[PDB]
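Chemist: File my_file.cif below, mmCIF, C-alpha atoms:
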```
data_input
loop_
_atom_site.group_PDB
_atom_site.id
_atom_site.type_symbol
_atom_site.label_atom_id
_atom_site.label_comp_id
_atom_site.auth_asym_id
_atom_site.auth_seq_id
_atom_site.Cartn_x
_atom_site.Cartn_y
_atom_site.Cartn_z
ATOM 1 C CA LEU E 2 -26.825 -7.527 5.746
ATOM 2 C CA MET E 3 -24.185 -10.126 6.645
ATOM 3 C CA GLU E 4 -21.896 -7.314 7.788
ATOM 4 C CA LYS E 5 -24.678 -6.036 10.037
ATOM 5 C CA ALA E 6 -25.248 -9.584 11.279
ATOM 6 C CA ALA E 7 -21.551 -9.790 12.128
ATOM 7 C CA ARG E 8 -21.723 -6.583 14.181
ATOM 8 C CA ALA E 9 -24.807 -7.979 15.916
ATOM 9 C CA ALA E 10 -22.983 -11.210 16.765
ATOM 10 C CA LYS E 11 -20.029 -9.397 18.300
ATOM 11 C CA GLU E 12 -22.423 -7.227 20.314
ATOM 12 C CA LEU E 13 -24.414 -10.191 21.656
ATOM 13 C CA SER E 14 -21.197 -11.939 22.661
ATOM 14 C CA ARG E 15 -19.964 -8.790 24.407
ATOM 15 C CA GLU E 16 -23.258 -8.385 26.295
ATOM 16 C CA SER E 17 -23.025 -11.985 27.516
ATOM 17 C CA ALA E 18 -19.404 -11.401 28.526
ATOM 18 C CA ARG E 19 -20.310 -8.215 30.411
ATOM 19 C CA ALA E 20 -23.000 -10.072 32.352
ATOM 20 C CA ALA E 21 -20.382 -12.675 33.284
ATOM 21 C CA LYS E 22 -17.959 -9.940 34.401
ATOM 22 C CA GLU E 23 -20.503 -8.150 36.599
ATOM 23 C CA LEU E 24 -21.445 -11.455 38.195
ATOM 24 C CA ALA E 25 -17.751 -12.213 38.759
ATOM 25 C CA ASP E 26 -17.208 -8.821 40.429
ATOM 26 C CA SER E 27 -20.125 -9.472 42.782
ATOM 27 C CA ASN E 28 -18.582 -12.838 43.648
ATOM 28 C CA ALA E 29 -15.211 -11.175 44.319
ATOM 29 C CA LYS E 30 -16.735 -8.708 46.780
ATOM 30 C CA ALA E 31 -18.574 -11.629 48.368
ATOM 31 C CA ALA E 32 -15.251 -13.437 48.855
ATOM 32 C CA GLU E 33 -13.848 -10.341 50.567
ATOM 33 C CA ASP E 34 -16.856 -10.164 52.899
ATOM 34 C CA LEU E 35 -16.648 -13.827 53.872
ATOM 35 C CA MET E 36 -12.950 -13.481 54.667
ATOM 36 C CA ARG E 37 -13.683 -10.450 56.839
ATOM 37 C CA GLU E 38 -16.197 -12.609 58.677
ATOM 38 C CA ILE E 39 -13.309 -15.060 59.110
ATOM 39 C CA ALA E 40 -11.029 -12.404 60.619
ATOM 40 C CA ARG E 41 -13.549 -10.672 62.914
ATOM 41 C CA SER E 42 -14.344 -14.014 64.560
ATOM 42 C CA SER E 43 -13.013 -16.868 66.708
ATOM 43 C CA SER E 44 -10.654 -19.460 65.240
ATOM 44 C CA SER E 45 -12.869 -22.061 63.584
ATOM 45 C CA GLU E 46 -12.119 -24.432 60.678
ATOM 46 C CA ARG E 47 -15.907 -24.644 60.306
ATOM 47 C CA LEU E 48 -16.155 -21.078 58.979
ATOM 48 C CA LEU E 49 -13.468 -21.965 56.431
ATOM 49 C CA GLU E 50 -15.439 -25.018 55.302
ATOM 50 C CA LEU E 51 -18.520 -22.803 54.935
ATOM 51 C CA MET E 52 -16.641 -20.110 53.013
ATOM 52 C CA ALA E 53 -15.168 -22.694 50.639
ATOM 53 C CA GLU E 54 -18.588 -24.274 50.088
ATOM 54 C CA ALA E 55 -20.058 -20.842 49.358
ATOM 55 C CA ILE E 56 -17.326 -19.919 46.882
ATOM 56 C CA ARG E 57 -17.739 -23.270 45.131
ATOM 57 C CA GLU E 58 -21.524 -22.814 44.878
ATOM 58 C CA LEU E 59 -21.014 -19.345 43.396
ATOM 59 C CA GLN E 60 -18.528 -20.743 40.875
ATOM 60 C CA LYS E 61 -20.891 -23.552 39.829
ATOM 61 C CA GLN E 62 -23.794 -21.150 39.335
ATOM 62 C CA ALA E 63 -21.536 -18.772 37.387
ATOM 63 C CA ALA E 64 -20.545 -21.614 35.047
ATOM 64 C CA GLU E 65 -24.197 -22.548 34.542
ATOM 65 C CA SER E 66 -25.066 -18.924 33.720
ATOM 66 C CA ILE E 67 -22.230 -18.601 31.213
ATOM 67 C CA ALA E 68 -23.232 -21.915 29.624
ATOM 68 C CA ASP E 69 -26.842 -20.766 29.187
ATOM 69 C CA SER E 70 -26.046 -17.345 27.691
ATOM 70 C CA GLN E 71 -23.357 -18.872 25.455
ATOM 71 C CA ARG E 72 -25.803 -21.418 24.092
ATOM 72 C CA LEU E 73 -28.137 -18.498 23.455
ATOM 73 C CA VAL E 74 -25.432 -16.495 21.657
ATOM 74 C CA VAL E 75 -24.233 -19.325 19.392
ATOM 75 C CA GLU E 76 -27.839 -20.143 18.502
ATOM 76 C CA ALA E 77 -28.485 -16.489 17.652
ATOM 77 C CA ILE E 78 -25.309 -16.393 15.554
ATOM 78 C CA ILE E 79 -26.310 -19.481 13.584
ATOM 79 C CA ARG E 80 -29.855 -18.142 13.288
ATOM 80 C CA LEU E 81 -28.491 -14.855 11.896
ATOM 81 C CA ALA E 82 -26.203 -16.519 9.353
ATOM 82 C CA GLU E 83 -29.210 -18.633 8.362
ATOM 83 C CA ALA E 84 -31.473 -15.605 7.967
ATOM 84 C CA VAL E 85 -29.014 -13.521 5.928
ATOM 85 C CA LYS E 86 -29.218 -16.345 3.384
ATOM 86 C CA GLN E 87 -32.871 -17.424 3.556
ATOM 87 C CA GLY E 88 -34.397 -13.989 2.986
ATOM 88 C CA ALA E 89 -32.357 -11.089 4.333
ATOM 89 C CA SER E 90 -34.853 -8.298 4.983
ATOM 90 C CA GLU E 91 -33.479 -5.809 7.533
ATOM 91 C CA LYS E 92 -36.165 -5.596 10.187
ATOM 92 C CA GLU E 93 -36.235 -9.393 10.326
ATOM 93 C CA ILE E 94 -32.542 -9.347 11.234
ATOM 94 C CA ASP E 95 -33.209 -6.430 13.597
ATOM 95 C CA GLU E 96 -35.980 -8.539 15.126
ATOM 96 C CA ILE E 97 -33.925 -11.711 15.586
ATOM 97 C CA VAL E 98 -31.227 -9.572 17.188
ATOM 98 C CA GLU E 99 -33.616 -7.647 19.445
ATOM 99 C CA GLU E 100 -35.272 -10.887 20.574
ATOM 100 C CA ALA E 101 -31.971 -12.574 21.440
ATOM 101 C CA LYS E 102 -30.969 -9.362 23.226
ATOM 102 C CA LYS E 103 -34.213 -9.588 25.203
ATOM 103 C CA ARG E 104 -33.533 -13.156 26.275
ATOM 104 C CA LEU E 105 -29.980 -12.271 27.302
ATOM 105 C CA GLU E 106 -31.080 -9.629 29.804
ATOM 106 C CA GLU E 107 -33.868 -11.856 31.127
ATOM 107 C CA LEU E 108 -31.405 -14.735 31.591
ATOM 108 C CA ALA E 109 -28.927 -12.373 33.279
ATOM 109 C CA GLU E 110 -31.630 -11.097 35.627
ATOM 110 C CA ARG E 111 -32.584 -14.613 36.731
ATOM 111 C CA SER E 112 -28.861 -15.277 37.120
ATOM 112 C CA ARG E 113 -28.296 -12.243 39.373
ATOM 113 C CA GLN E 114 -31.250 -13.401 41.472
ATOM 114 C CA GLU E 115 -29.901 -16.941 41.997
ATOM 115 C CA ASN E 116 -26.474 -15.509 42.788
ATOM 116 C CA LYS E 117 -27.942 -13.075 45.319
ATOM 117 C CA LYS E 118 -29.829 -15.864 47.095
ATOM 118 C CA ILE E 119 -26.667 -17.984 47.312
ATOM 119 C CA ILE E 120 -24.642 -15.100 48.758
ATOM 120 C CA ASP E 121 -27.317 -14.193 51.308
ATOM 121 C CA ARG E 122 -27.600 -17.793 52.507
ATOM 122 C CA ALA E 123 -23.812 -18.012 52.801
ATOM 123 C CA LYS E 124 -23.348 -14.765 54.757
ATOM 124 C CA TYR E 125 -26.191 -15.664 57.112
ATOM 125 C CA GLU E 126 -24.923 -19.165 57.848
ATOM 126 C CA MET E 127 -21.443 -17.792 58.514
ATOM 127 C CA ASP E 128 -23.064 -15.321 60.908
ATOM 128 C CA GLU E 129 -24.848 -18.037 62.859
ATOM 129 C CA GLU E 130 -21.659 -20.013 63.491
ATOM 130 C CA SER E 131 -19.135 -18.414 65.885
ATOM 131 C CA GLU Y 4 -8.090 -8.409 56.172
ATOM 132 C CA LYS Y 5 -5.192 -7.593 53.876
ATOM 133 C CA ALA Y 6 -5.876 -11.149 52.762
ATOM 134 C CA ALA Y 7 -9.504 -10.198 52.085
ATOM 135 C CA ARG Y 8 -8.601 -7.431 49.634
ATOM 136 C CA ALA Y 9 -6.091 -9.913 48.239
ATOM 137 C CA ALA Y 10 -8.890 -12.432 47.665
ATOM 138 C CA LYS Y 11 -10.969 -9.829 45.836
ATOM 139 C CA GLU Y 12 -8.043 -8.776 43.643
ATOM 140 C CA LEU Y 13 -7.191 -12.362 42.691
ATOM 141 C CA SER Y 14 -10.820 -13.076 41.841
ATOM 142 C CA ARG Y 15 -11.003 -9.913 39.732
ATOM 143 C CA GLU Y 16 -7.766 -10.915 37.977
ATOM 144 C CA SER Y 17 -9.302 -14.252 37.011
ATOM 145 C CA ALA Y 18 -12.446 -12.464 35.812
ATOM 146 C CA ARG Y 19 -10.393 -10.025 33.714
ATOM 147 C CA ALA Y 20 -8.621 -12.911 31.992
ATOM 148 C CA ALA Y 21 -12.014 -14.488 31.258
ATOM 149 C CA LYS Y 22 -13.264 -11.182 29.838
ATOM 150 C CA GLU Y 23 -10.291 -10.939 27.484
ATOM 151 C CA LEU Y 24 -11.004 -14.454 26.215
ATOM 152 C CA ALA Y 25 -14.665 -13.536 25.659
ATOM 153 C CA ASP Y 26 -13.809 -10.330 23.743
ATOM 154 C CA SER Y 27 -11.408 -12.266 21.514
ATOM 155 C CA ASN Y 28 -14.242 -14.730 20.860
ATOM 156 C CA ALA Y 29 -16.677 -11.942 19.932
ATOM 157 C CA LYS Y 30 -14.234 -10.581 17.371
ATOM 158 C CA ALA Y 31 -13.734 -14.139 16.109
ATOM 159 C CA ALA Y 32 -17.491 -14.600 15.662
ATOM 160 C CA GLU Y 33 -17.658 -11.381 13.637
ATOM 161 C CA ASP Y 34 -14.778 -12.354 11.322
ATOM 162 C CA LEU Y 35 -16.006 -15.915 10.849
ATOM 163 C CA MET Y 36 -19.421 -14.558 9.911
ATOM 164 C CA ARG Y 37 -17.731 -12.274 7.399
ATOM 165 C CA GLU Y 38 -16.029 -15.254 5.729
ATOM 166 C CA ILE Y 39 -19.470 -16.813 5.162
ATOM 167 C CA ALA Y 40 -20.582 -14.158 2.667
ATOM 168 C CA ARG Y 47 -21.108 -25.940 5.144
ATOM 169 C CA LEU Y 48 -19.028 -22.919 6.107
ATOM 170 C CA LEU Y 49 -21.838 -22.621 8.644
ATOM 171 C CA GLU Y 50 -20.767 -25.958 10.131
ATOM 172 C CA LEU Y 51 -17.163 -24.769 10.365
ATOM 173 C CA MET Y 52 -18.245 -21.566 12.103
ATOM 174 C CA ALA Y 53 -20.578 -23.326 14.557
ATOM 175 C CA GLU Y 54 -17.891 -25.872 15.447
ATOM 176 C CA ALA Y 55 -15.292 -23.128 15.938
ATOM 177 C CA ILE Y 56 -17.536 -21.023 18.182
ATOM 178 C CA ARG Y 57 -18.566 -23.998 20.319
ATOM 179 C CA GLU Y 58 -14.902 -25.016 20.630
ATOM 180 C CA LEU Y 59 -13.976 -21.486 21.741
ATOM 181 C CA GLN Y 60 -16.732 -21.620 24.355
ATOM 182 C CA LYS Y 61 -15.544 -25.015 25.623
ATOM 183 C CA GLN Y 62 -11.939 -23.852 25.950
ATOM 184 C CA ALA Y 63 -13.187 -20.688 27.664
ATOM 185 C CA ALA Y 64 -14.995 -22.839 30.233
ATOM 186 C CA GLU Y 65 -11.889 -24.985 30.759
ATOM 187 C CA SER Y 66 -9.757 -21.898 31.391
ATOM 188 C CA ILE Y 67 -12.348 -20.409 33.740
ATOM 189 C CA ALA Y 68 -12.490 -23.684 35.684
ATOM 190 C CA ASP Y 69 -8.717 -23.823 36.149
ATOM 191 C CA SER Y 70 -8.693 -20.153 37.180
ATOM 192 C CA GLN Y 71 -11.518 -20.656 39.682
ATOM 193 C CA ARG Y 72 -9.729 -23.580 41.326
ATOM 194 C CA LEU Y 73 -6.568 -21.483 41.624
ATOM 195 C CA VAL Y 74 -8.509 -18.579 43.153
ATOM 196 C CA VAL Y 75 -10.398 -20.636 45.740
ATOM 197 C CA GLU Y 76 -7.272 -22.576 46.710
ATOM 198 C CA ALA Y 77 -5.440 -19.289 47.246
ATOM 199 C CA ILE Y 78 -8.368 -17.959 49.288
ATOM 200 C CA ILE Y 79 -8.431 -21.014 51.567
ATOM 201 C CA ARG Y 80 -4.644 -20.787 51.940
ATOM 202 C CA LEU Y 81 -4.898 -17.103 52.894
ATOM 203 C CA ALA Y 82 -7.763 -17.749 55.312
ATOM 204 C CA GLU Y 83 -5.688 -20.416 57.068
ATOM 205 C CA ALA Y 84 -2.494 -18.347 57.017
ATOM 206 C CA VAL Y 85 -4.334 -15.577 58.823
ATOM 207 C CA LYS Y 86 -5.406 -17.222 62.119
ATOM 208 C CA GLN Y 87 -2.298 -19.419 61.813
ATOM 209 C CA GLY Y 88 -0.176 -16.247 62.001
ATOM 210 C CA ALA Y 89 2.769 -15.921 59.601
ATOM 211 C CA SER Y 90 2.231 -12.152 59.107
ATOM 212 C CA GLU Y 91 2.726 -9.686 56.263
ATOM 213 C CA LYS Y 92 5.631 -11.117 54.261
ATOM 214 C CA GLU Y 93 4.223 -14.643 54.260
ATOM 215 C CA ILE Y 94 0.772 -13.362 53.297
ATOM 216 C CA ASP Y 95 2.304 -11.219 50.545
ATOM 217 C CA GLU Y 96 4.211 -14.271 49.350
ATOM 218 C CA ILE Y 97 1.087 -16.407 49.130
ATOM 219 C CA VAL Y 98 -0.598 -13.580 47.219
ATOM 220 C CA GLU Y 99 2.245 -12.941 44.763
ATOM 221 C CA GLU Y 100 2.699 -16.660 44.094
ATOM 222 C CA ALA Y 101 -1.017 -16.991 43.387
ATOM 223 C CA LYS Y 102 -0.711 -13.994 41.045
ATOM 224 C CA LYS Y 103 2.246 -15.619 39.298
ATOM 225 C CA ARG Y 104 0.522 -18.956 38.712
ATOM 226 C CA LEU Y 105 -2.614 -17.114 37.575
ATOM 227 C CA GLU Y 106 -0.549 -15.187 35.019
ATOM 228 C CA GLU Y 107 1.025 -18.403 33.739
ATOM 229 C CA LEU Y 108 -2.359 -20.131 33.337
ATOM 230 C CA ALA Y 109 -3.854 -17.029 31.740
ATOM 231 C CA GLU Y 110 -0.934 -16.932 29.293
ATOM 232 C CA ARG Y 111 -1.162 -20.529 28.110
ATOM 233 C CA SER Y 112 -4.941 -20.214 27.899
ATOM 234 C CA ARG Y 113 -4.559 -17.003 25.880
ATOM 235 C CA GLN Y 114 -2.204 -18.777 23.464
ATOM 236 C CA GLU Y 115 -4.491 -21.796 22.999
ATOM 237 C CA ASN Y 116 -7.425 -19.474 22.304
ATOM 238 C CA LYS Y 117 -5.402 -17.504 19.750
ATOM 239 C CA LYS Y 118 -4.461 -20.784 18.052
ATOM 240 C CA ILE Y 119 -8.097 -21.917 17.876
ATOM 241 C CA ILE Y 120 -9.265 -18.628 16.354
ATOM 242 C CA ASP Y 121 -6.440 -18.484 13.786
ATOM 243 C CA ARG Y 122 -7.062 -22.118 12.830
ATOM 244 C CA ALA Y 123 -10.776 -21.441 12.377
ATOM 245 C CA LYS Y 124 -10.340 -18.336 10.181
ATOM 246 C CA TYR Y 125 -7.595 -20.050 8.139
ATOM 247 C CA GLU Y 126 -9.802 -23.043 7.366
ATOM 248 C CA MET Y 127 -12.901 -20.953 6.460
ATOM 249 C CA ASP Y 128 -10.458 -19.401 3.977
ATOM 250 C CA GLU Y 129 -9.526 -22.799 2.473
#
```
I need this file expressed as structure tokens, please.
Modeler:
Amino acid sequence: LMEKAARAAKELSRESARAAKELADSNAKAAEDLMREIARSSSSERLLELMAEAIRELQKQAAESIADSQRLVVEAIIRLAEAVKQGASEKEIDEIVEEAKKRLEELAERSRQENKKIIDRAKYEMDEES
Amino acid sequence: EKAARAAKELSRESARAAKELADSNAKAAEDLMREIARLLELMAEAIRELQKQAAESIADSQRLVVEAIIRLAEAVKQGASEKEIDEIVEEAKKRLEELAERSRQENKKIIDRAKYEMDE
């Protein structure tokens, strides 16, 4: 079962990573948009300050997301190594894995929501100035 | 607007580096959990260390990216035109590649250390 647990660990880590990558892509596109708002507008340092603030907020929230899902993954890994030595069933391992996998997608959903709110606020505030 | 696409590409470059680190770490978790079949403490420590170094690398990358974006955003509206913009972009790419390389090496070292000591 330890082999199976290993596969499970790699998969959880990769799911976390993929969440991080999708979030990062969204943030990239956001950066592009904000810069286009810079170009299509009057010359104002203010818009630059706002863009920088937005990008920094997005980075901070991204780091918090990664931290959360990483904590989850390492805990699931330890929990798996524990289980494959306390009483390795099969469906108990499958269950630990499926539960962690549940929490990962829930965490990632909440993350995408926070991100989205940040972006919307940013875009809007950049609209209102200039 | 060229600078906008540039911003996106730099950001995506950073993200790709991060993704490579994460994949390496997944593989590392698998191997380390194979060496278990205590050792649990070694594995936990190694994984947490890999995560910490990942976060350090991502932080450095992010600062590079945002600095480059602010520089671009000022360059446009200050003028300077295509060659100067391209130069800002390519220099940012260069420094990003350097950072990504040293980060990649440090990560590789951590993983190899970890495996080697779960062997001992």
Chemist: Can you check which residues of chain Y have any atom within 8 Å of chain E? Use all atoms listed in the file and format it as a PyMOL selection string.
Modeler: chain Y and resi 4+6-8+10-12+14-15+18-19+22+25-26+28-30+32-34+36-37+39-40+49+53+56-57+60+64+71+75+79+82-83+85-86
Chemist: Step by step, work through what the PyMOL selection byres ((chain Y and resi 102) around 12) selects in the shown file, and finish by giving those residues as a PyMOL selection string.
Modeler: chain Y and resi 9-10+12-17+70+73-74+77-78+95-101+103-109
Chemist: What separation in Å, quoted to one decimal, exists between CA of residue 48 (chain Y) and CA of residue 127 (chain Y)?
Modeler: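 A separation of 6.4 Å between them.
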Chemist: One decimal, in Å: what's the spacing between CA of residue 109 (chain E) and CA of residue 20 (chain E)?
Modeler: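 CA of residue 109 (chain E) sits 6.4 Å away from CA of residue 20 (chain E).
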Chemist: What is the distance between CA of residue 116 (chain Y) and CA of residue 24 (chain Y), in Å to one decimal?
Modeler: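 Separating CA of residue 116 (chain Y) from CA of residue 24 (chain Y) is a distance of 7.3 Å.
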Chemist: May I ask which of the residues Y:72, Y:5, Y:66, Y:31 is the closest one to residue 114 (chain Y), counting all atoms listed in the file?
Modeler: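 Checking each candidate against residue 114 (chain Y), we get Y:66 as the closest.
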Chemist: Can you sort out the box for region 127-130 of chain E, edges along x, y and z, all listed atoms in, 3 Å on every side, with centre and edge lengths in Å to one decimal, as lines of an AutoDock Vina configuration file?
Modeler:
```
center_x = -23.1
center_y = -17.7
center_z = 61.0
size_x = 9.4
size_y = 10.7
size_z = 11.0
```
Chemist: Save region 73-96 of chain Y to a file: N, CA and C atoms, as a PDB file, in the first residue's frame.
Modeler:
```pdb
ATOM      1  N   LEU Y  73      10.726  40.490  -8.843  1.00  0.00           N
ATOM      2  CA  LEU Y  73      11.271  40.765 -10.174  1.00  0.00           C
ATOM      3  C   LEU Y  73      10.171  41.169 -11.162  1.00  0.00           C
ATOM      4  N   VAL Y  74       9.130  40.345 -11.233  1.00  0.00           N
ATOM      5  CA  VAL Y  74       8.026  40.552 -12.164  1.00  0.00           C
ATOM      6  C   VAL Y  74       7.359  41.910 -11.979  1.00  0.00           C
ATOM      7  N   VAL Y  75       6.991  42.234 -10.740  1.00  0.00           N
ATOM      8  CA  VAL Y  75       6.293  43.494 -10.481  1.00  0.00           C
ATOM      9  C   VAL Y  75       7.193  44.710 -10.722  1.00  0.00           C
ATOM     10  N   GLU Y  76       8.477  44.578 -10.396  1.00  0.00           N
ATOM     11  CA  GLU Y  76       9.421  45.652 -10.677  1.00  0.00           C
ATOM     12  C   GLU Y  76       9.531  45.912 -12.178  1.00  0.00           C
ATOM     13  N   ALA Y  77       9.604  44.830 -12.946  1.00  0.00           N
ATOM     14  CA  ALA Y  77       9.654  44.915 -14.399  1.00  0.00           C
ATOM     15  C   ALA Y  77       8.384  45.539 -14.964  1.00  0.00           C
ATOM     16  N   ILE Y  78       7.240  45.187 -14.383  1.00  0.00           N
ATOM     17  CA  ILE Y  78       5.954  45.721 -14.818  1.00  0.00           C
ATOM     18  C   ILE Y  78       5.846  47.220 -14.559  1.00  0.00           C
ATOM     19  N   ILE Y  79       6.259  47.662 -13.374  1.00  0.00           N
ATOM     20  CA  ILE Y  79       6.280  49.089 -13.063  1.00  0.00           C
ATOM     21  C   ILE Y  79       7.236  49.838 -13.996  1.00  0.00           C
ATOM     22  N   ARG Y  80       8.413  49.259 -14.222  1.00  0.00           N
ATOM     23  CA  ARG Y  80       9.388  49.845 -15.136  1.00  0.00           C
ATOM     24  C   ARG Y  80       8.831  49.996 -16.556  1.00  0.00           C
ATOM     25  N   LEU Y  81       8.157  48.959 -17.043  1.00  0.00           N
ATOM     26  CA  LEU Y  81       7.519  49.010 -18.353  1.00  0.00           C
ATOM     27  C   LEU Y  81       6.459  50.101 -18.382  1.00  0.00           C
ATOM     28  N   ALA Y  82       5.589  50.100 -17.377  1.00  0.00           N
ATOM     29  CA  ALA Y  82       4.472  51.038 -17.313  1.00  0.00           C
ATOM     30  C   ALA Y  82       4.944  52.488 -17.276  1.00  0.00           C
ATOM     31  N   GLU Y  83       6.119  52.725 -16.689  1.00  0.00           N
ATOM     32  CA  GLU Y  83       6.694  54.069 -16.692  1.00  0.00           C
ATOM     33  C   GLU Y  83       7.361  54.388 -18.029  1.00  0.00           C
ATOM     34  N   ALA Y  84       8.058  53.400 -18.575  1.00  0.00           N
ATOM     35  CA  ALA Y  84       8.749  53.545 -19.852  1.00  0.00           C
ATOM     36  C   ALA Y  84       7.776  53.959 -20.951  1.00  0.00           C
ATOM     37  N   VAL Y  85       6.700  53.190 -21.108  1.00  0.00           N
ATOM     38  CA  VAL Y  85       5.553  53.651 -21.875  1.00  0.00           C
ATOM     39  C   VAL Y  85       5.036  54.839 -21.078  1.00  0.00           C
ATOM     40  N   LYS Y  86       4.527  55.862 -21.760  1.00  0.00           N
ATOM     41  CA  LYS Y  86       4.156  57.150 -21.148  1.00  0.00           C
ATOM     42  C   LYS Y  86       5.365  58.060 -20.865  1.00  0.00           C
ATOM     43  N   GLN Y  87       6.550  57.482 -20.640  1.00  0.00           N
ATOM     44  CA  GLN Y  87       7.771  58.292 -20.693  1.00  0.00           C
ATOM     45  C   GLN Y  87       8.380  58.319 -22.101  1.00  0.00           C
ATOM     46  N   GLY Y  88       7.943  57.399 -22.959  1.00  0.00           N
ATOM     47  CA  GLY Y  88       8.411  57.339 -24.337  1.00  0.00           C
ATOM     48  C   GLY Y  88       9.318  56.157 -24.625  1.00  0.00           C
ATOM     49  N   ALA Y  89      10.558  56.463 -25.019  1.00  0.00           N
ATOM     50  CA  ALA Y  89      11.638  55.481 -25.160  1.00  0.00           C
ATOM     51  C   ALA Y  89      11.504  54.491 -26.329  1.00  0.00           C
ATOM     52  N   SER Y  90      10.270  54.110 -26.647  1.00  0.00           N
ATOM     53  CA  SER Y  90       9.954  53.289 -27.824  1.00  0.00           C
ATOM     54  C   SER Y  90      10.446  51.837 -27.814  1.00  0.00           C
ATOM     55  N   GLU Y  91      10.300  51.198 -28.975  1.00  0.00           N
ATOM     56  CA  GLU Y  91      10.402  49.744 -29.107  1.00  0.00           C
ATOM     57  C   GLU Y  91      11.698  49.092 -28.630  1.00  0.00           C
ATOM     58  N   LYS Y  92      12.845  49.658 -28.972  1.00  0.00           N
ATOM     59  CA  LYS Y  92      14.106  49.015 -28.608  1.00  0.00           C
ATOM     60  C   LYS Y  92      14.357  49.094 -27.106  1.00  0.00           C
ATOM     61  N   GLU Y  93      14.003  50.228 -26.506  1.00  0.00           N
ATOM     62  CA  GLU Y  93      14.158  50.391 -25.070  1.00  0.00           C
ATOM     63  C   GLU Y  93      13.204  49.461 -24.323  1.00  0.00           C
ATOM     64  N   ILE Y  94      11.959  49.399 -24.785  1.00  0.00           N
ATOM     65  CA  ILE Y  94      10.984  48.488 -24.186  1.00  0.00           C
ATOM     66  C   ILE Y  94      11.460  47.037 -24.273  1.00  0.00           C
ATOM     67  N   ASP Y  95      11.886  46.644 -25.474  1.00  0.00           N
ATOM     68  CA  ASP Y  95      12.427  45.313 -25.718  1.00  0.00           C
ATOM     69  C   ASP Y  95      13.620  45.025 -24.818  1.00  0.00           C
ATOM     70  N   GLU Y  96      14.404  46.056 -24.531  1.00  0.00           N
ATOM     71  CA  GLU Y  96      15.590  45.882 -23.704  1.00  0.00           C
ATOM     72  C   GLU Y  96      15.205  45.640 -22.253  1.00  0.00           C
TER      73      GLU Y  96
END
```
